[PDB]
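Have a look below at one chain only, the form deposited in one PDB entry, in structure tokens format.
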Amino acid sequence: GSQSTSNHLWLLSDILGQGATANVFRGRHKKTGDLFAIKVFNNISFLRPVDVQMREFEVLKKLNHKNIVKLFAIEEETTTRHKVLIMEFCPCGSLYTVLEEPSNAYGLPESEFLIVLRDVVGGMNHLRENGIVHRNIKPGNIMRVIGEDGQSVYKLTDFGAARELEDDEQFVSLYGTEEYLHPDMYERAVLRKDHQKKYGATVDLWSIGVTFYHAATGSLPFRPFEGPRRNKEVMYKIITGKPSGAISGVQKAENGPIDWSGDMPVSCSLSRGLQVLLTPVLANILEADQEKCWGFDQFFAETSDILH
């Protein structure tokens, strides 16, 4: 079967994404046949407080930029009367899928990496200008679109965890994805250690740092022997124990000691010149200590210098 709103229709088997609060479907405008991605909230999502439910709607109605997936319409699905989000369809899918390809085992080609850099920075700048935090940035929700000239353009999506947050404002609520998650959030959300901490916009810089390391090398920067998901204790030791300036930490052997590095791997796909410029960016955003990590002004200045 299918579901529909006044103007749009989607088959329930035409899935594009699956999540805690919502699924995304490939759907069509009824009259034109034009394709869209339609985000449809599940029952359990309505247990959230109303102001929380409204955030993604308010956030997306505020944004408009080439590095953010476009929102076309908000309409009401008929059987539930719930609002759905009707968004630009990106037929190429995500950066996650690009990174899975064998040719990218040791990182993206430098040309493609520089594009990811440009576009993630551009998206993040647009959010910050508009006082928005994302809180779940990762390759799985950075979408690839083929631009006018045949080259990639990447765009941020999945604003399910996003909110308006003034430049110095803090929050205590938990969102995100374990492999990409700032250590202070990981501490509470994954290890359940409550150390009475607050979090700020800079959580997005940590996830971007992890995303860039991943795009640059083909691997996540912080890796217990079993992978992050399967050894939460060691994952936490890697991310909280890392020396200042380190950008990666790996446990090579089961139950083994941890090795951290402040440089890119020897296998890194990027030119050595770029590696040398990238490494300080990563070191200063993969920095848990709020006293030492970069602010946004600087992150944008320092990456915009690399792009030129």
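Rigid core: the largest C-alpha set superposing within 1.5 Å between the two forms. A residue's number is simply how far along the shown sequence it sits, counting from 1.
In this entry, 166 to 174 has the higher mean Cα B-factor, the comparison being between 88 to 96 and 166 to 174. In this crystal structure, the stretch out of 219 to 227 and 195 to 203 whose C-alpha atoms carry the higher mean B factor is 195 to 203. Taking only the listed residues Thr80, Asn136, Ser103, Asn125, the entry reports the highest CA temperature factor at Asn125. Take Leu9, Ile15, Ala22, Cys293 and read off each C-alpha B-factor from the entry; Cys293 has the highest.
In the deposited entry, the Cα temperature factor of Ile38 places it in the lowest third of its chain's modelled residues. Split the chain's modelled residues into thirds by C-alpha temperature factor. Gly107 is in the lowest one. In this PDB entry, the Cα temperature factor of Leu156 sits in the bottom third of its chain's modelled residues, the lowest group. Ranked by C-alpha B-factor against the other modelled residues of its chain, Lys252 falls in the highest third. Ranked within its chain, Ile132 lands in the highest third, by CA B factor from the PDB record.
The following text describes the form deposited in another entry, which does not appear among the structures shown.
Comparing C-alpha positions between the shown form and the other one after a rigid core fit, one residue in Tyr154, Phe159, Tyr186, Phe212 moves 2 angstroms or more. It is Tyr186. A movement of the C-alpha atom of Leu114 falling short of 2 angstroms is seen between the shown form and the other one when the two forms are aligned on their rigid core. Shown in the overlay between the shown form and the other one, fitted on the rigid core, is a CA shift at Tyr175 of 2 Å or greater. The gap between the Cα atoms of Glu187 and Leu165 is smaller in the other entry, by no less than 3 Å, than in this form.
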